[PDB]
Amino acid sequence: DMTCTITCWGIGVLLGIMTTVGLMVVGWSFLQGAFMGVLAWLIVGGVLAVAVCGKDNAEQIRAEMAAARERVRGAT
Amino acid sequence: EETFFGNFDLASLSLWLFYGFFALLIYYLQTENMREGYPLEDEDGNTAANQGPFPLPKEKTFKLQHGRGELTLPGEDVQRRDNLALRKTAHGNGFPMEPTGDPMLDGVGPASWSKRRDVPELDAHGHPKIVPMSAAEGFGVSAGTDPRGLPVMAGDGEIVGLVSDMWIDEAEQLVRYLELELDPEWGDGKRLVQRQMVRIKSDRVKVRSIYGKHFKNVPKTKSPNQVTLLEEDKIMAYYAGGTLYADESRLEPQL
Amino acid sequence: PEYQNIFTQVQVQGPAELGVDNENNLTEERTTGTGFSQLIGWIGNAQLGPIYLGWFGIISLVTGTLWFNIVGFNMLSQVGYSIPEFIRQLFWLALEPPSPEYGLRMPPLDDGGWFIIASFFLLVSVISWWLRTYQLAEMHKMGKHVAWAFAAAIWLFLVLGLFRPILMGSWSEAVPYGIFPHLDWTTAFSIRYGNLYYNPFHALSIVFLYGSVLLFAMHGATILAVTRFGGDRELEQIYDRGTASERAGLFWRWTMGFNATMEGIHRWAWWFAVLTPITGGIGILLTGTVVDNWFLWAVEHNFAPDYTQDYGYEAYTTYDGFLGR
Amino acid sequence: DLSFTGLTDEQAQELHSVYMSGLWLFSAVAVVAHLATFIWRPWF
Amino acid sequence: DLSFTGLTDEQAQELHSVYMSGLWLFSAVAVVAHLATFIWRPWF
Amino acid sequence: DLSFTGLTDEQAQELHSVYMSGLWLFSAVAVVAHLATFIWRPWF
Amino acid sequence: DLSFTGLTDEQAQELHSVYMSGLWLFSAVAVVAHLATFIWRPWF
Amino acid sequence: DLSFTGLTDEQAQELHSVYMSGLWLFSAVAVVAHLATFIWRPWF
Amino acid sequence: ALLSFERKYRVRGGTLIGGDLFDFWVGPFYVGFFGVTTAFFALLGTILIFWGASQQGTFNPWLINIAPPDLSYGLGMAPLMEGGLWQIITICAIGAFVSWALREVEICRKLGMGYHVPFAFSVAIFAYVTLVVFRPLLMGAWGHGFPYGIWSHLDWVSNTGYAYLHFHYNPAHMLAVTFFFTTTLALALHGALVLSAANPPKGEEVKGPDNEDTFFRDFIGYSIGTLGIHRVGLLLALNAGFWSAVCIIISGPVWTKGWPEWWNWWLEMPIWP
Amino acid sequence: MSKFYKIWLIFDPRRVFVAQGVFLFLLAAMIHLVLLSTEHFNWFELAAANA
Amino acid sequence: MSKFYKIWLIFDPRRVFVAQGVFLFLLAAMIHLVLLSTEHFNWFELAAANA
Amino acid sequence: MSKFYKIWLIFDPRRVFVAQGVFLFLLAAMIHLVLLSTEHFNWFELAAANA
Amino acid sequence: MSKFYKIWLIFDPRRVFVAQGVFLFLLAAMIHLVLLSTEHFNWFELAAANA
Amino acid sequence: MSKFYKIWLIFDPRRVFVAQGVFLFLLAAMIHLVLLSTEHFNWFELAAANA
Ligand code: BCL
Ligand SMILES: CC[C@H]1c2cc3[nH]c4c(c3C)C(=O)[C@H](C(=O)OC)c4c3nc(cc4[nH]c(cc(n2)[C@@H]1C)c(C(C)=O)c4C)[C@@H](C)[C@@H]3CCC(=O)OC/C=C(/C)CCC[C@H](C)CCC[C@H](C)CCCC(C)C
Ligand SMILES: CC[C@H]1c2cc3[nH]c4c(c3C)C(=O)[C@H](C(=O)OC)c4c3nc(cc4[nH]c(cc(n2)[C@@H]1C)c(C(C)=O)c4C)[C@@H](C)[C@@H]3CCC(=O)OC/C=C(\C)CCC[C@H](C)CCC[C@H](C)CCCC(C)C
Ligand SMILES: CC[C@H]1c2cc3[nH]c4c(c3C)C(=O)[C@H](C(=O)OC)c4c3nc(cc4[nH]c(cc(n2)[C@@H]1C)c(C(C)=O)c4C)[C@@H](C)[C@@H]3CCC(=O)OC/C=C(\C)CCC[C@H](C)CCC[C@H](C)CCCC(C)C
Ligand SMILES: CCCCCCCC/C=C\CCCCCCCC(=O)O[C@H](COC(=O)CCCCCCCCCCCCCCCCC)COP(=O)(O)OC[C@@H](O)CO
Ligand SMILES: CCCCCCCC/C=C\CCCCCCCC(=O)O[C@H](COC(=O)CCCCCCCCCCCCCCCCC)COP(=O)(O)OC[C@@H](O)CO
Ligand SMILES: COC(C)(C)C(=O)C/C=C(\C)CC/C=C(\C)CC/C=C(\C)CCCC/C(C)=C/CCC(C)CC/C=C(/C)CCC=C(C)C
Ligand SMILES: COC(C)(C)C(=O)C/C=C(\C)CC/C=C(\C)CC/C=C(\C)CCCC/C(C)=C/CCC(C)CC/C=C(\C)CCC=C(C)C
Ligand SMILES: COC(C)(C)C(=O)C/C=C(\C)CC/C=C(\C)CC/C=C(\C)CCCC/C(C)=C/CCC(C)CC/C=C(\C)CCC=C(C)C
Ligand SMILES: COC(C)(C)C(=O)C/C=C(\C)CC/C=C(\C)CC/C=C(\C)CCCC/C(C)=C/CCC(C)CC/C=C(\C)CCC=C(C)C
Ligand SMILES: COC(C)(C)C(=O)C/C=C(\C)CC/C=C(\C)CC/C=C(\C)CCCC/C(C)=C/CC[C@H](C)CC/C=C(\C)CCC=C(C)C
Ligand SMILES: COC(C)(C)C(=O)C/C=C(\C)CC/C=C(\C)CC/C=C(\C)CCCC/C(C)=C\CCC(C)CC/C=C(\C)CCC=C(C)C
Ligand SMILES: [Fe+3]
């Protein structure tokens, strides 16, 4: 699952490139649009590598792990 | 501000004082780095006429842990090899030497090992530092691809066996060795590979240094649970020598 | 190609290490609680924490946070408590040292009094972090090399902020607290006293800084090339010489005619790094107090170059010819 | 049937009831605020 | 009964009661302050 | 039956059935909003 | 039968059979959109 | 009972009772201070 | 003369070119094909430097200055006294540096080691070729290179920075200075830690890696480890040299105005009121 | 529309609640700041204008 | 069309749900801001110019 | 609405209280500073000008 | 043809489906933005000019 | 209101006492500095001006 993390960082790089070109059509200069593109990359690509890659596969395995964490507490 | 004489002022005095201090510091630094490998010798094992411009340092003592004793340097060379299968290619000094038999089996050239202590390295509690993972309480693969169960491919494209275990350093939490079980066609028993000589992929583990036919002559550990420093040096040097001795085209000029 | 050892192939995790102890009872002041980061573990260790809390560290943290907030709140109040403008001009604001007319006396709070109160809290913080670095070696029963190396940089810190202003007779000689404003101080200091290139101790400091960076490229690269022989376990190589040390020494011996040992290369590294702030501070302490124009000093001592050609653009071209007309 | 969290169907229904009940009040407050703002200063 | 924390249904009621009492005290103080501020200098 | 996710055919049928309900709600609300905006200020 | 992926000669037929139905739908929708835009603003 | 700190109900009542008596002293000194300052220099 | 453990490593083979025609040692030095090319280039360069010094009129090491040609010569060749000697010496220096790197490669191959050191030296070669070949070609004249003089190559640095008014405001120069300072702080810390572990107070035993890891987690709450510190030092040093090359190649061919003005994009961003 | 309660058969309630708590406040702050950057709907300047 | 329900035999519903939520919110915000960047469709300026 | 007490069966009381305290203090400080940044509502300046 | 279905015996359905979605959305956004950068095909300006 | 004592069954008094003390002093020092930063409430300048 390091391969899903790298994919998610690349979708962030691609959104950053699109943010630059979009602000330039609306009237901003390159460097102004590229600072905003860098933040789109870092905030969104980071968020997606925690949320999407953290919905790891497990199916009844997920269930039992969670139902057993719910047994650790109760006596903690 | 005034000068003492001519153009000499406080800055000049400071500069010359630093010059003197730096000369003394250079002398100290060069002398401190001569505690191993001296006195110099010629190509026949005799003491050389020239010993250089700096004299040798006085002695220091190190008090070792776990009751291993004391170490005094500079002293005699205790890591010296005894009978090396090498031959001079010239009558004087400055020319290379030729192996007499098999360079990889004789431990010469890039396959040379140093005669270290025949005991394992210990951690803070006095226990062996490198332990197989099947006996290490609480350890698991937390990231990356697990190589256990994958086949191993040699440098010429042959499958020689399977990865059975991993040997880890528990104090520093790092993998040090991979353990390989050989197929009967390529030898018998188990061998070790240092981690810095493998490339772990999704379906295989690649060792480029040596070929398949070289896998039966890898040195073997005495105990299945611990490895001493001497065995470590002989195993690592064996793999390192294959980068030059595996094929005759690796030794000739590449041009 | 062969594996290069820049990123770890597979990570393993076990119980967290809490540290070694002896009769000094370091466990009593250590925090409980650790973490693990797999992103960092691709390069180095993955464990985070724990940390030791003594009195020196607590005092240093409290007094350093006070300095930061006096500066930050002064910067915020200079702008009218406007947060968006505070963000817009963050790199340009500063807390300015006092005016030259006040000498070494206490200035008005609007003209350097807050600067002096905040400087006293930063001083206290830095000297406390150094007493912590000395105490921990003493408690760990190790040498005091770290504390000495830290005091080497503290020497230049104190020369810049404390000693030279006192010898010159004005608090106005100190450095402002800002990002750009402090770089303007560097350029103005160089311009005011001739050319700082011609200060010999500045040249020596540059020599040692260049040498320290060349040595980590050489030492880092050399240690990474002998890691297939266990070369990153340096202490055991010192206590029992192996083939990694022999090959590392022979590489440099065959390259440039002399080499070092496993233990002795770290002394070379320690000295080059330490020598940069010492020579720098000696050079700074001599400016204004002894030498007022370093280029005239170089002309006096005969290491200033001379040029034969002329000055001016019309000695080489024409204004119309530079425009294409 | 299908569960990734360990919750059963009854637990999911019970949770959703309270979630919707707590989500409607927030929207009611927002609607009142928007009406007051529109009367103070319209935008359409 | 579902519980991700370890508390019981009875235990999670007294805590909510005390929390709500504190919330109401805080809100009452804030409302009085806002009324005084509006009387002193208005904004609408 | 090919199932990378580890789901059976009936579960997928149920999930997709309820999924489509949400799409068709979101879409109707969007259609109403777009119609109102077009009546306010046309763009075609 | 070649099978780099974990599939057979019957699962792939079904997969392609439906995938092609969705391809035709996006393409039908795109064609109608292009026809509308040509009437509104010709480029040829 | 619910105790994450291992104190009992009565020990908690003892600590609180002592704590509030210092809180009131702090608040009292501060009010005499604010009063002297408004009489000395009003801010409203 | 050999060290006590050196004889068993002096074997034949591992050359890129030359075979056993140059496979020997002179004193401690190894010679090969690239040892013969290094000697030739370096000796020619030094002899030409001293001939130029003799023709200049001074032998003082502080005052020797060999300079590039005028800008009016463009990318052509100048007379040997008016800047052509600089061009010849530049060619000789490039040859010597490349031969040094290829000699290190052969030594690494013979010892069975990794090739990290020549790769690290390639970065310093790249920063020098940017200063004397890449920026000058882009700017259109060889006269943009720095002169070969101990105290005259600092005048070039001073004048080149004030040609952009306030050089401290160059964004890529700020990154490069930070990398330099961080490498020196990390080298000092590493040397101090190793020496303090190997040299305890008199009457005490030596320490191990566990003790080093513990001291640093107690001091700052984190420890990179014995393997991570070398990777980090190498990466910091190589990043320092790469960013230095960038700071100089944008100053001329990419930007013409003062460097403070470049920051205007931040000051007039449309979000600001 | 009567089967939406199964969303908690897929999502962990704690993560969803934390994410929603962050998102709602961030969006409210963004809108309250967008209003203040105009001339018509800035209530701080309007109060001074009518005094 | 009657067999699109098998898309959940290849895609994990949790991942697609998170990605779709993020994508939809970002698209809505981008469209609203693009409308705000014009002159004829800026409803904050139209209110100013119609009162 | 009579069942809002069940939030404590999802979130641990200890953490939520710390975050609430930090959030409330930061919000109050920000609002007081925002009031201080204007001309109409700066009560120090108003007291200075009213005497 | 009639044998194109064997494309799914070489390529993985899950890798092809994510890559195609990303490519399709990026291409649609790029084309719309290219249209918005012209004079004759910018409908936001056309609406303002007409009315 | 009469059950507020129970905060000591949730939060450790040792931590909150130190936290309070630090918070209280830092708040007091900030008010005095803001007061000292004004032209009307700087009581040191008043003594010089008044006489
Ligand atoms: C116009 C610019 C001037 C110039 C003006 C100056 C001035 C002025 C100075 C330097 C100085 C230096 N110059 Mg110069 N310099 C110029 C051009 C150059 C060039 C070049 C052209 O390539 C180079 C390579 C250098 C390089 C150098 C360094 C060799 C030297 C700094 C030494 C040092 O240790 O730094 C590292 C810095 C330190 C050790 C500072 C100490 C930091 C302390 C210890 C930090 C304490 C902790 C802190 C407060 C806590 C922070 C918060 C934490 C997160 C908790 N200069 C030109 C000529 N230069 C200095 C020097 O020594 O002069 C001789 C100096 O003062
Ligand atoms: C020049 C070297 C600099 C440095 C580095 C440094 N310090 C560090 C780290 C690093 C690289 C850490 O990773 C570690 C840390 O966890 O920081 C948040 C830490 C630290 N340095 C600290 C102190 C400290 N360092 C100081 C100095 C410095 N340390 C320098 C600035 C100083 C001063 C004033 O000189 C102080 C007082 C603490 C802030 C922290 C001590 C670590 C600690 O207490 O960890 C407790 C464990 C935890 C549960 C917290 C971890 C956070 C996550 C919840 C864990 C899960 C990990 C997650 C996947 C990633 C997040 C981690 C990120 C750091 C990447
Ligand atoms: C030999 C000279 C070189 C050198 C060496 C050197 N520096 C050193 C040392 C040594 C040997 C230390 O032992 C010491 C140290 O602790 O290193 C880890 C240090 C140190 N050198 C430092 C800085 C530094 N050194 C520099 C220079 C150099 N130091 C030279 C290159 C430079 C520059 C300008 O180049 C800087 C900026 C510090 C990281 C550290 C000294 C720590 C110290 O005294 O801290 C006082 C602390 C406070 C100000 C209080 C804390 C208040 C903070 C503002 C906020 C809270 C802390 C938080 C962890 C940071 C914010 C992060 C958030 C995410 C939480
Ligand atoms: C990250 C990049 C860092 C780096 C890396 C680096 N350099 C390296 C290495 C590495 C890893 C080596 O392995 C290698 C070595 O063997 O070191 C001992 C080396 C090396 N880098 C050196 C020096 C050096 N490195 C420097 C810097 C750096 N090198 C960076 C900080 C600097 C400066 C200015 O900061 C210098 C001066 C050499 C000591 C050494 C090997 C170079 C060498 O010997 O080349 C063979 C050439 C000769 C023996 C003589 C050549 C003669 C010429 C034909 C004529 C001279 C003309 C010259 C241009 C005149 C200049 C006059 C000046 C006054 C301006
Ligand atoms: C003036 C003379 C030099 C010519 C002028 C031009 C070059 C100038 C630049 C650098 C000079 C470096 C020359 C080094 C060449 C060494 C050749 C070699 O190999 O010499 C060895 C002997 O050397 C050594 O053992 C190492 C010598 C130190 C290395 C350089 C230190 C640079 C330190 C600091 C940076 C310097 C900047 C200045 C700071 C100014 C400060 C005010 C023979 O072999 P050995 O076996 O090791 O013998 C020894 C022992 O073993 C006995 O047995
Ligand atoms: C090929 C073309 C060359 C390129 C042309 C470019 C010119 C410049 C380049 C290089 C110059 C260096 C040349 C010197 C190298 C000599 C070769 C060598 O070293 O040869 C050794 C013989 O030793 C020596 O000849 C000893 C040299 C002494 C070094 C001085 C020490 C301090 C020096 C410096 C301190 C610096 C501080 C500041 C400085 C200012 C202050 C100086 C064979 O050794 P061996 O037989 O193994 O054993 C014997 C061993 O132990 C020791 O006798
Ligand atoms: C003007 O100057 C510039 C530079 C701008 C130019 O324009 C220069 C231009 C050139 C120099 C242009 C040169 C162009 C070419 C050489 C073009 C060549 C193009 C091709 C050879 C294209 C090949 C395309 C292949 C395609 C589309 C293949 C499709 C195959 C299938 C759909 C079948 C595969 C599928 C299955 C099912 C395989 C069966 C599987 C089993 C398991 C049985
Ligand atoms: C001008 O345009 C710009 C760009 C400026 C914009 O502003 C654009 C803006 C948008 C595009 C905005 C879009 C906004 C949305 C999509 C908003 C959506 C909002 C919601 C769906 C909100 C939901 C809120 C729900 C709430 C508040 C729920 C509360 C619940 C509770 C308080 C109770 C929780 C407790 C429970 C469930 C415990 C029960 C436990 C058991 C064990 C039974
Ligand atoms: C940027 O735009 C501008 C500037 C206009 C803004 O300022 C915008 C601002 C906002 C959008 C602001 C939004 C603000 C909020 C959402 C505020 C919310 C506030 C609250 C919900 C406050 C909560 C709580 C406060 C208090 C005092 C609660 C509780 C106190 C207690 C003492 C509880 C005690 C409980 C105990 C002891 C339980 C013990 C029980 C046992 C059984 C052991
Ligand atoms: C102008 O605007 C700006 C930004 C400048 C502002 O100034 C903004 C300011 C704010 C937003 C300020 C906000 C301020 C607060 C919310 C302040 C709150 C203050 C308190 C709650 C204070 C509480 C103090 C309590 C005290 C002092 C209690 C007790 C003291 C004791 C000594 C008790 C002793 C206890 C013992 C011995 C325990 C007994 C032990 C046993 C074992 C029984
Ligand atoms: C003008 O040019 C520019 C570039 C400026 C543009 O603006 C270009 C813009 C575009 C190109 C835009 C493109 C937009 C799209 C492609 C939009 C597509 C939108 C959809 C496909 C939307 C689908 C929505 C469907 C939803 C939300 C489905 C389901 C949601 C739920 C069902 C929620 C409930 C879930 C539950 C209960 C889980 C079920 C689980 C069980 C076990 C039963
Ligand atoms: C308001 O917002 C909050 C609350 C978040 C903040 O707090 C924000 C804070 C900031 C945004 C802070 C920003 C801070 C900086 C940008 C700081 C920059 C600081 C420097 C570059 C400092 C350099 C300092 C010193 C230098 C270069 C050299 C030497 C100094 C000294 C030796 C100082 C010591 C002084 C002494 C000994 C004199 C004391 C006087 C006596 C009488 C004893
Ligand atoms: Fe080292």
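Letters go in sequence order (proteins before strands), and every chain restarts at 1. The figures here come from the full heavy-atom set of this structure, side chains too, leaving out hydrogens, waters and symmetry mates. Counting convention: from 1, in listed order, for ligands and their atoms alike.
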Apply side-chain hydrogen bond (donor to acceptor under 3.5 Å, both in side chains) to the pair J:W8 and D:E14, showing each step before the final yes or no. CA-CA 10 Å; J:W8 319 108; D:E14 171 66 83; over 6 Å; no
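Taking a 6.0 Å sphere around CH2 of E:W24, one finds it holds 12 or fewer heavy atoms contributed by other residues, nucleotides or ligands.
Checking E:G22, J:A28, E:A30 against atom 31 (C) of ligand 9, the nearest heavy atom belongs to E:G22. Residue nearest to atom 41 (C) of ligand 5, selected from B:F21, B:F22, B:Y27: B:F22 (by heavy-atom distance). Here the shortest heavy-atom distance to atom 41 (C) of ligand 8, taken over K:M30, K:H32, J:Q20, L:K6, belongs to L:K6.
Ligand 8 places these atoms under 4.0 Å from at least one heavy atom of K:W43: 1 (C).
Scanning the protein heavy atoms around atom 7 (O) of ligand 9, the nearest turns out to be L:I31 CG1, 3.8 Å. Of the protein's heavy atoms, L:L24 CD2, 4.1 Å lies nearest to atom 19 (C) of ligand 9. Of the protein's non-hydrogen atoms, the one nearest atom 44 (O) of ligand 5 is C:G257 O, 3.7 Å. Among protein heavy atoms, the minimum distance from atom 18 (C) of ligand 5 is reached at C:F258 CD2, 4.2 Å. Among protein heavy atoms, atom 10 (C) of ligand 9 sits closest to J:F25 CE1, 4.3 Å.
Residue contacts with ligand 8 include D:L15, since one or more of its heavy atoms lies under 4.0 Å from the ligand. Contact annotation: J:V34 has no heavy atom less than 4.0 Å from any atom of ligand 8.
When heavy-atom distances to ligand 5 are checked against a 4.0 Å cut-off, I:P28 has no atom that comes that close, whether in backbone or side chain.
Contact annotation for atom 33 (C) of ligand 9: protein present (non-hydrogen atoms, distance under 4.0 Å).
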